[PDB]
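As provided, query18.pdb (PDB, C-alpha atoms and all ligand atoms) reads as follows.
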ATOM      1  CA  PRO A   1     134.929 280.806 256.938  1.00  0.00           C
ATOM      2  CA  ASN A   2     135.811 280.446 253.253  1.00  0.00           C
ATOM      3  CA  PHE A   3     139.407 279.602 252.338  1.00  0.00           C
ATOM      4  CA  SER A   4     138.593 279.482 248.602  1.00  0.00           C
ATOM      5  CA  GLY A   5     140.791 281.640 246.381  1.00  0.00           C
ATOM      6  CA  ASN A   6     144.163 282.224 244.746  1.00  0.00           C
ATOM      7  CA  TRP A   7     146.763 283.194 247.304  1.00  0.00           C
ATOM      8  CA  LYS A   8     150.201 284.799 247.041  1.00  0.00           C
ATOM      9  CA  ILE A   9     152.761 284.804 249.840  1.00  0.00           C
ATOM     10  CA  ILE A  10     153.765 288.024 251.613  1.00  0.00           C
ATOM     11  CA  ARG A  11     155.883 286.605 254.412  1.00  0.00           C
ATOM     12  CA  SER A  12     157.849 283.449 255.130  1.00  0.00           C
ATOM     13  CA  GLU A  13     160.043 282.562 258.064  1.00  0.00           C
ATOM     14  CA  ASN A  14     162.086 279.626 259.295  1.00  0.00           C
ATOM     15  CA  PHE A  15     161.520 277.568 256.147  1.00  0.00           C
ATOM     16  CA  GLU A  16     165.202 276.686 255.714  1.00  0.00           C
ATOM     17  CA  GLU A  17     165.484 275.853 259.404  1.00  0.00           C
ATOM     18  CA  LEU A  18     162.537 273.489 258.928  1.00  0.00           C
ATOM     19  CA  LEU A  19     164.309 271.618 256.117  1.00  0.00           C
ATOM     20  CA  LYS A  20     167.506 271.583 258.144  1.00  0.00           C
ATOM     21  CA  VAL A  21     165.853 269.655 260.979  1.00  0.00           C
ATOM     22  CA  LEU A  22     164.570 267.179 258.369  1.00  0.00           C
ATOM     23  CA  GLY A  23     168.122 266.327 257.318  1.00  0.00           C
ATOM     24  CA  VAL A  24     168.080 267.782 253.808  1.00  0.00           C
ATOM     25  CA  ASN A  25     171.628 268.523 252.611  1.00  0.00           C
ATOM     26  CA  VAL A  26     172.591 272.152 252.018  1.00  0.00           C
ATOM     27  CA  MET A  27     172.621 271.970 248.210  1.00  0.00           C
ATOM     28  CA  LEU A  28     169.042 270.702 248.032  1.00  0.00           C
ATOM     29  CA  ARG A  29     167.833 273.109 250.714  1.00  0.00           C
ATOM     30  CA  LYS A  30     169.080 276.032 248.637  1.00  0.00           C
ATOM     31  CA  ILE A  31     167.065 274.956 245.601  1.00  0.00           C
ATOM     32  CA  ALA A  32     163.955 274.383 247.712  1.00  0.00           C
ATOM     33  CA  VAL A  33     164.223 277.671 249.622  1.00  0.00           C
ATOM     34  CA  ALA A  34     164.618 279.743 246.441  1.00  0.00           C
ATOM     35  CA  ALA A  35     161.583 278.206 244.707  1.00  0.00           C
ATOM     36  CA  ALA A  36     159.392 278.190 247.832  1.00  0.00           C
ATOM     37  CA  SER A  37     159.595 281.976 248.168  1.00  0.00           C
ATOM     38  CA  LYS A  38     157.353 282.448 245.122  1.00  0.00           C
ATOM     39  CA  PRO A  39     154.460 279.955 245.426  1.00  0.00           C
ATOM     40  CA  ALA A  40     151.096 280.126 243.674  1.00  0.00           C
ATOM     41  CA  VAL A  41     148.383 278.684 245.906  1.00  0.00           C
ATOM     42  CA  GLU A  42     144.886 277.765 244.814  1.00  0.00           C
ATOM     43  CA  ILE A  43     142.219 276.628 247.263  1.00  0.00           C
ATOM     44  CA  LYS A  44     138.712 275.385 246.508  1.00  0.00           C
ATOM     45  CA  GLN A  45     136.448 274.756 249.508  1.00  0.00           C
ATOM     46  CA  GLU A  46     132.900 273.425 249.770  1.00  0.00           C
ATOM     47  CA  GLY A  47     131.860 272.657 253.338  1.00  0.00           C
ATOM     48  CA  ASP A  48     134.442 270.291 254.842  1.00  0.00           C
ATOM     49  CA  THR A  49     135.778 269.360 251.406  1.00  0.00           C
ATOM     50  CA  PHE A  50     139.107 270.906 250.400  1.00  0.00           C
ATOM     51  CA  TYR A  51     141.283 271.064 247.309  1.00  0.00           C
ATOM     52  CA  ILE A  52     144.654 272.751 247.760  1.00  0.00           C
ATOM     53  CA  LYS A  53     147.141 273.162 244.926  1.00  0.00           C
ATOM     54  CA  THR A  54     150.550 274.653 245.750  1.00  0.00           C
ATOM     55  CA  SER A  55     152.808 275.301 242.760  1.00  0.00           C
ATOM     56  CA  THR A  56     156.473 276.271 242.481  1.00  0.00           C
ATOM     57  CA  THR A  57     158.993 275.948 239.649  1.00  0.00           C
ATOM     58  CA  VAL A  58     160.536 272.811 241.194  1.00  0.00           C
ATOM     59  CA  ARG A  59     157.414 271.157 242.608  1.00  0.00           C
ATOM     60  CA  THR A  60     153.628 271.184 242.586  1.00  0.00           C
ATOM     61  CA  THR A  61     151.444 269.414 245.123  1.00  0.00           C
ATOM     62  CA  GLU A  62     147.707 268.857 245.023  1.00  0.00           C
ATOM     63  CA  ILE A  63     145.780 267.537 247.976  1.00  0.00           C
ATOM     64  CA  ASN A  64     142.103 266.694 248.271  1.00  0.00           C
ATOM     65  CA  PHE A  65     140.656 266.041 251.685  1.00  0.00           C
ATOM     66  CA  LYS A  66     137.589 266.231 253.854  1.00  0.00           C
ATOM     67  CA  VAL A  67     138.100 267.607 257.325  1.00  0.00           C
ATOM     68  CA  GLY A  68     137.719 264.776 259.806  1.00  0.00           C
ATOM     69  CA  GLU A  69     138.632 262.096 257.260  1.00  0.00           C
ATOM     70  CA  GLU A  70     142.038 260.442 257.071  1.00  0.00           C
ATOM     71  CA  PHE A  71     143.890 260.900 253.787  1.00  0.00           C
ATOM     72  CA  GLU A  72     147.349 260.381 252.344  1.00  0.00           C
ATOM     73  CA  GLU A  73     149.774 263.123 251.324  1.00  0.00           C
ATOM     74  CA  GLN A  74     153.504 263.823 251.672  1.00  0.00           C
ATOM     75  CA  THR A  75     155.598 265.541 254.318  1.00  0.00           C
ATOM     76  CA  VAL A  76     157.451 268.665 253.206  1.00  0.00           C
ATOM     77  CA  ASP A  77     160.563 266.545 252.603  1.00  0.00           C
ATOM     78  CA  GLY A  78     158.640 264.233 250.293  1.00  0.00           C
ATOM     79  CA  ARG A  79     157.796 261.287 252.531  1.00  0.00           C
ATOM     80  CA  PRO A  80     154.396 259.530 252.275  1.00  0.00           C
ATOM     81  CA  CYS A  81     152.226 260.120 255.321  1.00  0.00           C
ATOM     82  CA  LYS A  82     148.682 259.683 256.580  1.00  0.00           C
ATOM     83  CA  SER A  83     147.015 262.951 257.549  1.00  0.00           C
ATOM     84  CA  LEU A  84     143.946 263.941 259.528  1.00  0.00           C
ATOM     85  CA  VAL A  85     142.601 267.498 259.601  1.00  0.00           C
ATOM     86  CA  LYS A  86     140.231 268.810 262.284  1.00  0.00           C
ATOM     87  CA  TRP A  87     138.744 272.210 263.016  1.00  0.00           C
ATOM     88  CA  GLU A  88     140.637 273.539 266.031  1.00  0.00           C
ATOM     89  CA  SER A  89     138.491 276.667 265.878  1.00  0.00           C
ATOM     90  CA  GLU A  90     136.022 278.228 263.457  1.00  0.00           C
ATOM     91  CA  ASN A  91     138.700 279.448 261.039  1.00  0.00           C
ATOM     92  CA  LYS A  92     141.640 277.246 261.963  1.00  0.00           C
ATOM     93  CA  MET A  93     142.325 273.724 260.789  1.00  0.00           C
ATOM     94  CA  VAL A  94     145.070 271.562 262.280  1.00  0.00           C
ATOM     95  CA  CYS A  95     146.652 268.592 260.529  1.00  0.00           C
ATOM     96  CA  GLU A  96     148.478 265.774 262.293  1.00  0.00           C
ATOM     97  CA  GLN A  97     150.725 263.681 260.015  1.00  0.00           C
ATOM     98  CA  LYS A  98     151.930 260.095 260.459  1.00  0.00           C
ATOM     99  CA  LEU A  99     154.662 258.451 258.347  1.00  0.00           C
ATOM    100  CA  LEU A 100     153.609 255.336 256.446  1.00  0.00           C
ATOM    101  CA  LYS A 101     157.111 253.865 256.743  1.00  0.00           C
ATOM    102  CA  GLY A 102     160.095 254.444 259.011  1.00  0.00           C
ATOM    103  CA  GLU A 103     160.730 257.085 261.652  1.00  0.00           C
ATOM    104  CA  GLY A 104     161.360 260.810 261.646  1.00  0.00           C
ATOM    105  CA  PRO A 105     160.477 264.131 263.329  1.00  0.00           C
ATOM    106  CA  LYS A 106     156.864 264.690 264.383  1.00  0.00           C
ATOM    107  CA  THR A 107     155.340 266.876 261.663  1.00  0.00           C
ATOM    108  CA  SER A 108     152.099 268.750 261.162  1.00  0.00           C
ATOM    109  CA  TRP A 109     150.573 271.872 259.673  1.00  0.00           C
ATOM    110  CA  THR A 110     147.807 274.369 260.330  1.00  0.00           C
ATOM    111  CA  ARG A 111     145.999 276.839 258.097  1.00  0.00           C
ATOM    112  CA  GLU A 112     144.132 279.746 259.615  1.00  0.00           C
ATOM    113  CA  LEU A 113     142.030 282.512 258.155  1.00  0.00           C
ATOM    114  CA  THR A 114     142.798 285.675 260.151  1.00  0.00           C
ATOM    115  CA  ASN A 115     140.327 288.511 260.715  1.00  0.00           C
ATOM    116  CA  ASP A 116     142.164 290.924 258.421  1.00  0.00           C
ATOM    117  CA  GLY A 117     141.612 288.592 255.468  1.00  0.00           C
ATOM    118  CA  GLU A 118     145.009 286.894 255.463  1.00  0.00           C
ATOM    119  CA  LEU A 119     145.949 283.212 255.593  1.00  0.00           C
ATOM    120  CA  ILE A 120     148.575 281.857 257.962  1.00  0.00           C
ATOM    121  CA  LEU A 121     150.192 278.510 257.245  1.00  0.00           C
ATOM    122  CA  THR A 122     152.461 276.964 259.855  1.00  0.00           C
ATOM    123  CA  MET A 123     154.503 273.827 259.246  1.00  0.00           C
ATOM    124  CA  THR A 124     156.230 272.064 262.109  1.00  0.00           C
ATOM    125  CA  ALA A 125     159.007 269.490 262.486  1.00  0.00           C
ATOM    126  CA  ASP A 126     159.645 268.628 266.122  1.00  0.00           C
ATOM    127  CA  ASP A 127     160.355 271.963 267.823  1.00  0.00           C
ATOM    128  CA  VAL A 128     160.918 274.019 264.662  1.00  0.00           C
ATOM    129  CA  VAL A 129     158.032 276.102 263.333  1.00  0.00           C
ATOM    130  CA  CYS A 130     157.840 277.649 259.857  1.00  0.00           C
ATOM    131  CA  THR A 131     155.328 280.476 259.444  1.00  0.00           C
ATOM    132  CA  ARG A 132     154.041 281.482 256.001  1.00  0.00           C
ATOM    133  CA  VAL A 133     151.522 284.294 255.449  1.00  0.00           C
ATOM    134  CA  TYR A 134     149.341 284.766 252.350  1.00  0.00           C
ATOM    135  CA  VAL A 135     146.776 287.208 251.016  1.00  0.00           C
ATOM    136  CA  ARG A 136     144.473 286.708 248.022  1.00  0.00           C
ATOM    137  CA  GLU A 137     145.905 287.772 244.656  1.00  0.00           C
TER     138      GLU A 137
HETATM  139  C1  LIG B   1     155.558 276.259 248.591  1.00  0.00           C
HETATM  140  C2  LIG B   1     155.735 275.342 249.837  1.00  0.00           C
HETATM  141  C3  LIG B   1     156.765 274.387 249.895  1.00  0.00           C
HETATM  142  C4  LIG B   1     157.660 274.202 248.853  1.00  0.00           C
HETATM  143  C5  LIG B   1     158.642 273.227 248.941  1.00  0.00           C
HETATM  144  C6  LIG B   1     159.506 272.934 247.927  1.00  0.00           C
HETATM  145  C7  LIG B   1     159.482 273.713 246.589  1.00  0.00           C
HETATM  146  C8  LIG B   1     160.518 271.764 248.138  1.00  0.00           C
HETATM  147  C9  LIG B   1     160.626 271.110 249.395  1.00  0.00           C
HETATM  148  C10 LIG B   1     161.539 270.044 249.558  1.00  0.00           C
HETATM  149  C11 LIG B   1     162.351 269.598 248.462  1.00  0.00           C
HETATM  150  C12 LIG B   1     162.229 270.270 247.168  1.00  0.00           C
HETATM  151  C13 LIG B   1     161.317 271.353 247.042  1.00  0.00           C
HETATM  152  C14 LIG B   1     163.071 269.831 245.913  1.00  0.00           C
HETATM  153  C15 LIG B   1     162.158 269.698 244.688  1.00  0.00           C
HETATM  154  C16 LIG B   1     164.118 270.898 245.587  1.00  0.00           C
HETATM  155  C17 LIG B   1     163.756 268.460 246.120  1.00  0.00           C
HETATM  156  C18 LIG B   1     164.393 268.312 247.539  1.00  0.00           C
HETATM  157  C19 LIG B   1     163.344 268.399 248.675  1.00  0.00           C
HETATM  158  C20 LIG B   1     164.103 268.552 249.995  1.00  0.00           C
HETATM  159  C21 LIG B   1     162.553 267.093 248.761  1.00  0.00           C
HETATM  160  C22 LIG B   1     154.858 275.437 250.925  1.00  0.00           C
HETATM  161  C23 LIG B   1     153.700 276.335 251.064  1.00  0.00           C
HETATM  162  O1  LIG B   1     153.878 277.569 251.030  1.00  0.00           O
HETATM  163  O2  LIG B   1     152.564 275.840 251.194  1.00  0.00           O
END

Entire entry expressed as structure tokens:
Amino acid sequence: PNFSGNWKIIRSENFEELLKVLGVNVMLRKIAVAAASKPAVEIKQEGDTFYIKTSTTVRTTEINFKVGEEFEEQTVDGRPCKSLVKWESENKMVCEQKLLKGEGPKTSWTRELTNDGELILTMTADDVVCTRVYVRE
């Protein structure tokens, strides 16, 4: 049950559709979609403590959190939110997000370590689901 490692993406689907439901104009979606197809992901895990750095040419995010403890991060479209991660199963964590200001689509994410050694990340916005699959570099 160790997510630690440097991960590279091998499959991504419905990412643009995700941004579309968030109301991002076409020009910006193009820039985001292009850069998001080549992320560099670093994860450091110790017990329930996580450090996840996701880097792209146009944006880098770093989150630090303890499963079960509320923290603050940003939605995919850059809006400040309060998040809470819980273990849904032994190798699957689910995160429920809550906007700090205003309204918007219900968003969340999940990260799961599969039995073949891969990592599946799913990001949701209302009914749209983006699936991203990684493998260690
Ligand atoms: C890599 C990844 C996600 C990458 C997302 C990127 C780059 C992204 C997302 C949204 C945006 C931008 C970039 C830029 C900066 C163009 C500004 C416009 C908005 C609409 C605010 C997820 C993962 O795989 O964990």

Which residues are near ligand LIG 1 (chain B) in this structure, taking near to mean any atom at most 8 Å from a ligand atom and counting only C-alpha atoms and all ligand atoms? Format them as a short mmCIF file (atom, residue, chain, number, x, y, z; two decimals) with C-alpha atoms, in the frame of the given file.
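This went into selection.cif:
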data_model
loop_
_atom_site.label_atom_id
_atom_site.label_comp_id
_atom_site.auth_asym_id
_atom_site.auth_seq_id
_atom_site.Cartn_x
_atom_site.Cartn_y
_atom_site.Cartn_z
CA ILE A 9 152.76 284.80 249.84
CA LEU A 19 164.31 271.62 256.12
CA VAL A 24 168.08 267.78 253.81
CA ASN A 25 171.63 268.52 252.61
CA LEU A 28 169.04 270.70 248.03
CA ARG A 29 167.83 273.11 250.71
CA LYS A 30 169.08 276.03 248.64
CA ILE A 31 167.06 274.96 245.60
CA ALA A 32 163.96 274.38 247.71
CA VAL A 33 164.22 277.67 249.62
CA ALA A 34 164.62 279.74 246.44
CA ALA A 35 161.58 278.21 244.71
CA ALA A 36 159.39 278.19 247.83
CA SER A 37 159.60 281.98 248.17
CA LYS A 38 157.35 282.45 245.12
CA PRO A 39 154.46 279.96 245.43
CA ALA A 40 151.10 280.13 243.67
CA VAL A 41 148.38 278.68 245.91
CA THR A 54 150.55 274.65 245.75
CA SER A 55 152.81 275.30 242.76
CA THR A 56 156.47 276.27 242.48
CA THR A 57 158.99 275.95 239.65
CA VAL A 58 160.54 272.81 241.19
CA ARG A 59 157.41 271.16 242.61
CA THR A 60 153.63 271.18 242.59
CA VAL A 76 157.45 268.67 253.21
CA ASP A 77 160.56 266.54 252.60
CA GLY A 78 158.64 264.23 250.29
CA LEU A 121 150.19 278.51 257.24
CA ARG A 132 154.04 281.48 256.00
#

Quick one: distance from atom CA of residue 8 of chain A to atom CA of residue 118 of chain A in Å, one decimal? 10.1 Å

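Distance annotation: of A:131, A:89, A:83, A:74, the residue with the minimal separation from residue 14 of chain A is A:131; atom set is only C-alpha atoms.
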
The PyMOL selection byres (((chain A and resi 110) around 12) and not hetatm) - which residues does that actually catch in the file I just gave you? List them as a PyMOL selection string. chain A and resi 83-89+91-97+107-109+111-113+119-124+129-133

For the file shown, what are the residues hit by the PyMOL selection byres (((chain A and resi 66) around 7) and not hetatm), laid out as a PyMOL selection string? chain A and resi 48-50+65+67-69

Hey, can you check how far atom CA of residue 2 of chain A sits from atom CA of residue 98 of chain A? 26.9 Å

Taking into account all atoms listed in the file, which residue in the set A:64, A:81, A:13, A:103 is nearest to residue 45 of chain A?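 Of the candidates, the smallest distance to residue 45 of chain A is held by A:64.
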
Work out how far apart atom CA of residue 7 of chain A and atom CA of residue 73 of chain A are and give it in Å to one decimal.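 Separation of atom CA of residue 7 of chain A and atom CA of residue 73 of chain A: 20.7 Å.
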
Contacts of residue 42 of chain A within 6 Å, all atoms listed in the file, excl. fewer than 6 positions in-chain, as a ChimeraX atom specification: /A:5-6,52-53

For residue 135 of chain A, which residue among A:1, A:82, A:17, A:11 is the nearest when counting all atoms listed in the file?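 Ranked by minimum distance to residue 135 of chain A, first place goes to A:11.
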
Ranking A:127, A:79, A:51, A:116 by minimum distance to residue 101 of chain A and counting all atoms listed in the file, which one comes first? A:79

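Nearest to residue 43 of chain A of all the residues A:27, A:70, A:100, A:4 is A:4, based on all atoms listed in the file.
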
Here's the selection I'm unsure about, the PyMOL selection byres (((chain A and resi 105) around 7) and not hetatm); applied to the file above, which residues does it give, as JSON, numbers by chain? {"A": [104, 106, 107, 125, 126]}

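Nearest to residue 80 of chain A of all the residues A:63, A:99, A:134, A:114 is A:99, based on all atoms listed in the file.
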